[PDB]
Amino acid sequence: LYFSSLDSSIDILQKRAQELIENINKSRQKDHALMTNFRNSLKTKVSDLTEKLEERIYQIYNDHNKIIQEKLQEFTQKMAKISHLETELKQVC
């Protein structure tokens, strides 16, 4: 009578042990999924940051090229003006 009561205690203890091991397994699976998705979204966010850095650097380089092209065109026109002036002086002299 007493022995059967402690027998139910024994059954509950062993079965609690099995259920607890299964809970640990599910917890490990949940932790692994959380780890992998957080790592993935982190890498995606880093890719976005690299993308914006490249965008701003590209804008800087584009403005540099615009300035270089404008100054080169202005220099070429000044050179042409000097060439025409000097040809005129050649004619006169």
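One rule holds for the numbers: they count along the sequence shown, beginning at 1.
Looking at the deposited entry, does 72 to 80 or 12 to 20 carry the larger mean Cα B-factor?
-> Between 72 to 80 and 12 to 20, it is 12 to 20.
Quick one: classify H32 as lowest, middle or highest third of the chain based on its Cα B-factor.
-> Middle third of the chain for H32's C-alpha B-factor.
If you rank every modelled residue in this chain by C-alpha B factor, which third holds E88: lowest, middle or highest?
-> Ranked within chain, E88 CA B lands in the middle tercile.
For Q59, return the chain-relative third of its C-alpha B-factor as stated in the PDB record: lowest, middle or highest.
-> Highest third, going by the recorded CA B-factors of the chain.
Taking the values exactly as deposited, rank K26 by C-alpha B-factor within its chain and report the matching third: lowest, middle or highest.
-> Middle third by C-alpha B-factor.
Taking the C-alpha B-factors as the PDB entry records them, is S47 in the lowest, middle or highest third of its chain?
-> Highest third.
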